[PDB]
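Structural description and commentary
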Amino acid sequence: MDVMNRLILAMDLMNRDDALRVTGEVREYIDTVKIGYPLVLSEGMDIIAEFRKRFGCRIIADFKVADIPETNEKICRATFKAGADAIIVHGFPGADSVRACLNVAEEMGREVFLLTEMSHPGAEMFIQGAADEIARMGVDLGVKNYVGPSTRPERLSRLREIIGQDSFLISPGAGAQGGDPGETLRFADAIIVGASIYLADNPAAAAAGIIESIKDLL
Amino acid sequence: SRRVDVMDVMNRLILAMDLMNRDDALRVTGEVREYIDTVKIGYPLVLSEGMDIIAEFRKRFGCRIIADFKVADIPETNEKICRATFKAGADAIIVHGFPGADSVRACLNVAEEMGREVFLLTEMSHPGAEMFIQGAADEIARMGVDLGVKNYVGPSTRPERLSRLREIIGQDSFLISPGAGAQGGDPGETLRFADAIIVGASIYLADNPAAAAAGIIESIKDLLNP
Ligand SMILES: O=c1cc(O)n([C@@H]2O[C@H](COP(=O)(O)O)[C@@H](O)[C@H]2O)c(=O)[nH]1
Ligand SMILES: O=c1cc(O)n([C@@H]2O[C@H](COP(=O)(O)O)[C@@H](O)[C@H]2O)c(=O)[nH]1
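Calculation criteria
- Residues numbered from 1 in each chain as written, not as in the entry; some residues may be left out.
- Chains lettered and ligands numbered in written order.
- Heavy atoms only, no water.
- Helix = DSSP H or I, 4+ residues; strand = E, 2+ residues; numbered from the N terminus.
- Rg over C-alpha atoms; globule rule 2.2 N^0.38 Å.
- Buried < 20%, exposed > 50% of the residue type's maximum accessible area, 1.4 Å probe, protein only.
- Contact = heavy atoms within 4.5 Å.
- Areas by Shrake-Rupley, 256 points an atom, 1.4 Å probe, with all protein chains shown as cover.
- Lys, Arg positive; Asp, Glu negative; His and termini not counted.
- Charge placed at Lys NZ, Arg CZ, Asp CG, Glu CD.
- Near = heavy atom within 4 Å.
- Polar contact = N/O pair within 3.5 Å; in protein donor to acceptor, adjacent residues only side chain to side chain.
- 1 Å grid on protein atoms, 1.4 Å probe; cavity = no way out; pocket = protein on both sides within 12 Å on 5 of 7 lines; lining within 4 Å.
- Sits in = over half its atoms within 2 Å of the grid points.
- Nonpolar A, V, L, I, M, F, W, Y, C, P; charged D, E, K, R; others polar.
- Points joined across faces, edges and corners; volume = space filled by probe spheres on them.
- Buried area = accessible area lost by both parts, 1.4 Å probe.
- Salt bridge = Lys/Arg side-chain N within 4 Å of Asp/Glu carboxyl O.
- Pairing = 2+ DSSP bridges.
- Axes fitted to C-alpha atoms, helices over the stretch in contact; angles between N-to-C directions.
- Right-handed = clockwise from strand over helix to strand, strands pointing away.

Header annotation of the entry names X-ray crystallography as the structure determination method and lists the resolution as 1.531 Å.

Right, let's talk about the overall build of chain B for a bit. Scanning chain B for helices and strands turns up 10 helices and eight strands. Its C-alpha atoms give chain B a radius of gyration of 16 Å, within 12% of the compact-globule value 17 Å for 226 residues. Every one of the 226 residues in chain B was classed for burial, and the buried ones make up 61%. Residue pairs at least 24 apart in sequence account for 68% of intrachain contacts in chain B once pairs closer than 6 positions are excluded. Accessible surface for chain B amounts to roughly 8600 Å². Of this, 45% is attributable to carbon and sulfur atoms. Here chain B holds 25 positive side-chain charges and 34 negative ones, and the gap between their average locations is 3 Å.

Moving on, we get to the site of ligand 2. Ligand 2 sits among 16 residues. The nearest are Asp-67 of chain A together with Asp-18, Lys-70, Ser-125 and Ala-201 of chain B. Residue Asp-67 of chain A places a side-chain N or O atom 2.6 Å away from an oxygen atom belonging to ligand 2. In the complex, the protein chains occlude 96% of the 480 Å² of accessible area that ligand 2 would expose alone. According to the grid-proximity analysis, the pocket containing ligand 2 is the second largest pocket. Looking at side-chain class alone, the shell around ligand 2 contains seven nonpolar, four polar and five charged residues.

A separate point is empty space enclosed by the protein. Residues and elements named next belong to chain A. The full count for this structure, using the stated rule, is one cavity of 30 Å³ or more. Of the volumes computed, that of the largest cavity is approximately 60 Å³. In terms of lining residues, the largest cavity is bounded by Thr-116, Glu-117, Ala-131, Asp-132, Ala-135, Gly-148, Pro-149, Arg-155 and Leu-159. Listing elements by their share of the lining of the largest cavity, those giving two or more residues are helix 6 (127–141) and helix 7 (153–163).

Moving on, we come to the interface of chain A and chain B. When the parts of a complex come together, some accessible area is lost, and that lost area is often taken as the interface size. Facing the 43 residues of chain A at the interface are 43 residues of chain B. Here chain A meets chain B over a buried area of about 3200 Å², counting both sides, of which 73% is carbon and sulfur. Put simply, chain A and chain B have two salt bridges between them. For the pair chain A and chain B, the number of links is 10 residue pairs in polar contact. Listing elements by their share of the side of chain A that touches chain B, those giving two or more residues are helix 2 (37–43), strand 3 (58–65), helix 4 (69–81), helix 5 (95–108) and helix 6 of chain A.

Residues and elements named next belong to chain B. The sheet built from eight strands closes into a barrel, its strands ordered 1-2-3-4-5-6-7-8 with parallel pairing. Ignoring strand direction, the axes of neighbouring strands in this sheet form an average angle of 30°. Where strand 2 (residues 38–42) and strand 3 (residues 64–71) come together, five bridges link them in parallel fashion. By the bridge assignment for strand 3, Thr-38 is matched with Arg-64.

Estimates place the volume of the largest pocket at around 770 Å³. For the lining of the largest pocket, the secondary structure elements donating two or more residues are strand 2 (32–36), helix 2, strand 3, strand 8 (190–193) and helix 9 (195–198) of chain A together with strand 3 and helix 4 (75–87) of chain B. Here the lining of the largest pocket takes five residues from helix 4 of chain B, the largest share from any one element. Partitioned by chemical class, the residues of the lining of the largest pocket number 28 nonpolar, nine polar and 12 charged. Taken as a whole, the second largest pocket holds about 470 Å³ of empty space. Surrounding the second largest pocket, 30 residues form its lining, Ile-68 and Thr-71 of chain A together with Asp-18, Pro-178 and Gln-183 of chain B being those nearest its centre. The set of elements that each furnish at least two residues to the lining of the second largest pocket consists of helix 4 of chain A together with strand 2, helix 2 (43–49), strand 3, strand 8 (196–199) and helix 9 (201–204) of chain B. Residue composition of the lining of the second largest pocket, by class: 15 nonpolar, seven polar and eight charged.

Residue and element names in this part refer to chain B. Within strand 4 (residues 92–96), five of the five residues are buried, which leaves it mostly tucked inside the rest of the structure. Of the two faces of strand 4, both are covered, the one formed by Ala-92, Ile-94 and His-96 as well as the one formed by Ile-93 and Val-95. Pairing of strand 3 with strand 4 involves three bridges; the strand directions are parallel. Considered in strand 4, the bridge of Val-71 is made with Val-95. A crossover connection joins strand 4 to the parallel strand 5 (residues 117–121) through helix 5 (residues 101–114); in handedness this β-α-β unit is right-handed.

What follows deals with the pairing of strand 8 of chain B. On any regular strand, side chains alternate: one points to one face of the sheet, the next to the other face. Residue and element names in this part refer to chain B. The alternating pattern of strand 8 places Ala-196 and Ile-198 on one face and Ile-197 and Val-199 on the opposite face, and all of these are buried. Where strand 7 (residues 174–177) and strand 8 come together, two bridges link them in parallel fashion. Paired with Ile-176 across the two strands is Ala-196, which belongs to strand 8.

Next up, the structure:
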């Protein structure tokens with residue numbers, strides 16, 4: 001997919017008015033919005049349909065789907081019915097769980113993003129040791145879209161090595177968590193940015209500033 | 001209950017209510033209410049009908065509600081998810097252990113503040129669980145013990161693993177177990193180790209869900225009470 005300015009907004013405000021207002025402020029800079037459970041649990045799945053309709057943007061549902069295959073299927077169907085273009089799925093529950101999501105996405109013309117390694121310190125306990133194998137499992141499953149950590153560019157490089165140059169890689173952890181936009185974009189196709197933008201005094205200025213800092217990579 | 005300090009679950013049977021429309025979900029839950037007082041509500045129903053389905057279940061049935069949200073994000077996002085869930089009236093939430101201790105601790109802190117419970121999911125019931133989760137499961141359980149977790153989830157499909165998990169978490173912990181029924185787990189064998197079983201489709205897709213629940217209860221009657 002073609003993400004404008006290589007920048008995806010993580011819209012984790014939990015109030016519909018604040019979420020709509022802030023997203024509107026940065027819409028000229030960003031055409032791809034990640035909506036997760038903080039906003040969806042607070043305002044309902046209809047918020048995905050509303051965002052796509054109002055903003056004419058791509059919506060990635062960040063649901064970190066992590067259940068058994070049959071439940072994963074139900075979650076994916078509900079999510080795509082609401083109009084999401086893509087869904088983020090954990091790889092650690094294994095290949096049948098991921099395949100269930102891939103099957104629903106194929107049926108409905110949507111994409112699965114496989115989360116391979118996470119950005120937070122706790123990721124080092126169990127996920128990091130499995131991450132290379134999760135990525136390889138994704139390759140064998142036919143996964144073309146992946147998520148890996150801005151906070152560990154050496155791990156992004158390794159992930160890129162496994163998934164190849166044609167796969168799409170997006171990366172959270174830039175800004176608030178300490179990752180650097182420019183360094184992350186050496187390996188990832190796009191960065192995900194949340195609080196650095198949505199908690200800024202001027203979200204538009206924050207977005208513009210991030211974009212200026214990576215201007216030569218656009 | 002098996003101990004005075006653990007969650008009392010009527011008939012050791014928790015309904016996994018994964019129907020995806022309000023009318024069917026309310027009907028089936030109402031039909032089985034004389035057998036079951038504890039309902040696990042997950043994303044299939046919540047995404048379809050909204051978090052206010054929790055409010056409706058509390059109103060109509062007064063059942064204990066476990067929000068099966070398999071929380072599996074970074075600590076900051078986990079906190080937001082737990083806050084929204086308990087704000088909506090859930091009694092407890094289920095959290096993955098695979099993302100590590102800081103992510104689990106975030107959920108425990110919210111539960112502590114809000115006077116609710118966290119269940120730690122240690123090993124899963126489906127075959128895919130063997131690829132990565134099973135190899136980490138003993139360590140995930142020990143992590144739970146180190147963090148002071150009292151409530152755990154482990155697989156009905158593998159009682160030999162439940163035996164081991166019960167060893168790690170001890171007799172003073174509360175353990176519930178999905179995979180009984182549809183996925184092939186046996187209720188009686190599972191209840192050797194688990195305090196309660198979770199059952200979904202073999203009840204909610206039955207021609208007569210009440211009859212299905214009653215049949216499960218009859219099959220485990222020697223294990224019921226207290
Ligand atoms: O490994 C990961 C995977 C994520 O989806 N995320 C998500 O990316 C976003 C990061 O937001 P922020 O820029 O405010 O740190 C959050 O929505 C978070 O849940 C993450 O931080 N790390
Ligand atoms: O390891 C696990 C953990 C679960 O929460 N579950 C959940 O338990 C329920 C099982 O339902 P069923 O009896 O229809 O197989 C589903 O809601 C599923 O998401 C599971 O099956 N295995």
